[PDB]
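[1] Experimental structure and its sequence below.
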Amino acid sequence: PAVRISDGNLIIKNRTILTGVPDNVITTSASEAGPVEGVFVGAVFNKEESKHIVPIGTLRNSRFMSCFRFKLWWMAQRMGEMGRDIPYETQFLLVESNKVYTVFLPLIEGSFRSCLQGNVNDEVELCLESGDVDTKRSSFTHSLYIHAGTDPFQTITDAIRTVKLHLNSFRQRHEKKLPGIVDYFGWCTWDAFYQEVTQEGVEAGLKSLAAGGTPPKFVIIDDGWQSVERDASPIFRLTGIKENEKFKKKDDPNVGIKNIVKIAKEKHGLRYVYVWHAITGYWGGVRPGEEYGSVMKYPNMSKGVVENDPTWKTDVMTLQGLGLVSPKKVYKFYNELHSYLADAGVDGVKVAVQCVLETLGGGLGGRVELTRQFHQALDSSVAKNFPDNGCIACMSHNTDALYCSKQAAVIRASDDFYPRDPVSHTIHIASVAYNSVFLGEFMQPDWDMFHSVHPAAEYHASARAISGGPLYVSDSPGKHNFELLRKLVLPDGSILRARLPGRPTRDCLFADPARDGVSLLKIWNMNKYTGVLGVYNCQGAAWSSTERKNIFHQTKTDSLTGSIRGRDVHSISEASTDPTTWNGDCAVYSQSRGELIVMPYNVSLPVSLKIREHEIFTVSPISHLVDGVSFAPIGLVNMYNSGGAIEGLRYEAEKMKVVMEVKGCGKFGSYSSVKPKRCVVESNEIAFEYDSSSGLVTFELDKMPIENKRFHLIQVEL
Ligand SMILES: OC[C@H]1O[C@H](OC[C@@H]2O[C@H](O[C@]3(CO)O[C@H](CO)[C@H](O)[C@@H]3O)[C@H](O)[C@@H](O)[C@@H]2O)[C@@H](O)[C@H](O)[C@@H]1O
């Protein structure tokens, strides 16, 4: 077929990937769909137990990259050559045999959830768990899926499709409705006030940002608005669905969060208002009580999580427990909550603490069946009450939840932005890129909030710009960098969102740019008519396998050199108006240096960077109109994702004309191999500059497109 087991070996296009597959491991190419290009894998065991480890075979001398849970809530990256290097809790694994790429998807099957892990003998072990000592099983047929192909990202997509067609319990990213917040700049209260947020806090924040010319059009009222109590650092539990004191106008206390929602929308011009809540109500769940059938439960410890995060064994939540709402009443709980919120004008929720459900499998059906039931009810309640699909999933990097991700369309792709922890910044940019390789198959990644005023602001902000996801800050009011923010946000609060999850280049997939001391991390994305490439140095910090937390670690040179090729933007062909006849030549524009460079296909351009430095490049395919006349739009050169502005593009070779639809305002740049005769913006000739040495054509779009008539129409005549 292409992937087979014969002898005791796993073979993929005649390369031996695994040796010593034990005889009880069985393959099958049947879903109901039904023949299938890769292979499903499970095993038969002697006894009917609620857990199994089972070697799959022995990995040696094949580069792999993995996404593995280093906390319960979150994944990050790990590269190796050998089985022993594969961490506990590995949820996805990609393997390069050297040309050919292979993906391993441990899956949910019935009431069980797989992940991978390695042992010291270099075996890849599958780990099946029901997370409920009463749900037990002896055989498994479809608990890992393996599939190969020649394009690493296409390989991943095809494999997720195939898993989707087996399970029918989720939708791929591209098939879900994104909520409208992804198109606008936002503000999150969380880093501004933490749990001490108030409604006066909210207003001040929306005011200062609008003052500086970059207005948020959404806001996330983060953890802090809910009514909660300790029992009587002890844990808080939800006492009501309605807002605490800080969100009732100080005058008519019967008016609640409706007040701040109105202030934000009518007074400060926001389109969307989102609020935070745990999947379980609050951190300690809901106060035990017959209303929602709430009952104290204690997180069960699974071996792999505890192995990577030892501190989870003594977390507030583990030791003090949570009031878990009953599955029978969980819809009721979310509907009552969300109906209150929505009928107050709230458009969406940011749903945190999602992974706990896996630990509360209790006597309730297990990790998979309880995660399902809660997610089914959350969705129903979201589709009823926030029907722009206003769900942001946070702290949910388990396959329990990803494989029943049917509706929700936006996922935080890492652990939090930490303004005060200097260790975190490089790790953030790496965890976000690597997890988006796999998380972006399901939901649109969210690179999380950041500070415009921070030593690492431009580092974080460039990443946000090229992430594909919502762009927001969590600034405290008045502490803003609007020179910075205008590179991301147009006068009306819109952004230049790229189309895909921001991901590492083919080049970077198997080299760990946090740990190897040698490579720069290159992130790629696409717009309609350009690509875009971020280059970062994210070296010298990472999750330690020994210390089991984020540490700094030693780094040899200060400055690393890599290189950039147009083809590093993996899908750059899609931006060409004529892919059949395109030679591969790209206009590359260094957004930070201000320089335009023509890059023939093949040709490299070196890039040097110290730790925490970055460079963003817009990559536009060059169109050859006639011999000597070549063109490629850049977009808005003083914005990070400059190419996000070009909504339309057409070449008229017969008349020597480029016609463009450009959104936004500010300086517009293009590469032209000859000086233009004219540039025209809405039927009016305009002033432009040309640098004959580089090709750079430049003029000013002075104002936002007028109307109600969304784009500037620009003709360039050559
Ligand atoms: O609480 C609001 C915040 O929750 C989401 O997750 C934060 C999570 O909490 C843990 O971080 C710490 C540990 O003490 O708890 C608070 C956050 O409540 C601190 O900021 C600490 O860093 C945990 O270690 C984290 O891994 C976890 O992400 C977060 O996604 C949202 O930002 C939300 O505002």
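    Okay, I see it. Numbering: from 1, shown residues only.
[2] Show the residue spans covered by the helices in this protein.
    Ranges of helices in the chain, per DSSP state H, are 152-167, 190-193, 199-211, 258-262, 303-308, 316-320, 330-343, 356-359, 367-385, 399-402, 424-439, 457-465, 482-485.
[3] list the helices and strands the third one packs on?
    Packed against helix 199-211 by the contact rule (3 or more Cβ pairs under 8 Å, 6 or more residues apart in numbering; DSSP states H and E) you find strand 185-188, helix 190-193, strand 218-221, helix 258-262. Yep, even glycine has a C-beta here, placed from its N, CA and C like the rest.
[4] nearest to the ligand, of the ones you listed?
    Comparing the helices and strands packed on helix 199-211 against the ligand with Cβ to the nearest ligand atom, the closest turns out to be helix 190-193 (3.7 Å).
[5] so how far is residue 414 from the closest residue to residue 538 other than its chain neighbours?
    For residue 538, ignoring the flanking residues on the chain, the nearest one in space by Cβ to Cβ, 6 or more residues apart in numbering is residue 426 at 3.9 Å. In this view, residue 426 and residue 414 are 12 Å apart by Cβ to Cβ, to the nearest Å.
[6] any chance of the helices of the chain in a markdown table, plus distance to residue 176 and mean neighbour count?
    Conversion of the helices of the chain to a markdown table gives the following (distance: least, Cβ to Cβ, whole Å; neighbours: other Cβ atoms under 10 Å):
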| stretch | distance to residue 176 | mean neighbour count |
| --- | --- | --- |
| helix 152-167 | 12 | 19 |
| helix 190-193 | 25 | 20 |
| helix 199-211 | 28 | 19 |
| helix 258-262 | 26 | 21 |
| helix 303-308 | 28 | 18 |
| helix 316-320 | 30 | 16 |
| helix 330-343 | 19 | 20 |
| helix 356-359 | 21 | 25 |
| helix 367-385 | 11 | 22 |
| helix 399-402 | 13 | 24 |
| helix 424-439 | 13 | 27 |
| helix 457-465 | 21 | 24 |
| helix 482-485 | 29 | 16 |
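[7] Arrange those in JSON lines, one row each, with distance to the ligand as further columns.
    Listed next are the helices of the chain as JSON lines, based on distance: least, Cβ to the nearest ligand atom, whole Å:
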{"stretch": "helix 152-167", "distance to the ligand": "25"}
{"stretch": "helix 190-193", "distance to the ligand": "4"}
{"stretch": "helix 199-211", "distance to the ligand": "14"}
{"stretch": "helix 258-262", "distance to the ligand": "17"}
{"stretch": "helix 303-308", "distance to the ligand": "12"}
{"stretch": "helix 316-320", "distance to the ligand": "9"}
{"stretch": "helix 330-343", "distance to the ligand": "17"}
{"stretch": "helix 356-359", "distance to the ligand": "11"}
{"stretch": "helix 367-385", "distance to the ligand": "17"}
{"stretch": "helix 399-402", "distance to the ligand": "15"}
{"stretch": "helix 424-439", "distance to the ligand": "10"}
{"stretch": "helix 457-465", "distance to the ligand": "14"}
{"stretch": "helix 482-485", "distance to the ligand": "20"}
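[8] Just put those in TSV and tack on distance to residue 271.
    Output for those, formatted as TSV (distance: least, Cβ to Cβ, whole Å):
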stretch	distance to residue 271
helix 152-167	32
helix 190-193	20
helix 199-211	12
helix 258-262	12
helix 303-308	39
helix 316-320	35
helix 330-343	15
helix 356-359	31
helix 367-385	17
helix 399-402	28
helix 424-439	26
helix 457-465	19
helix 482-485	18
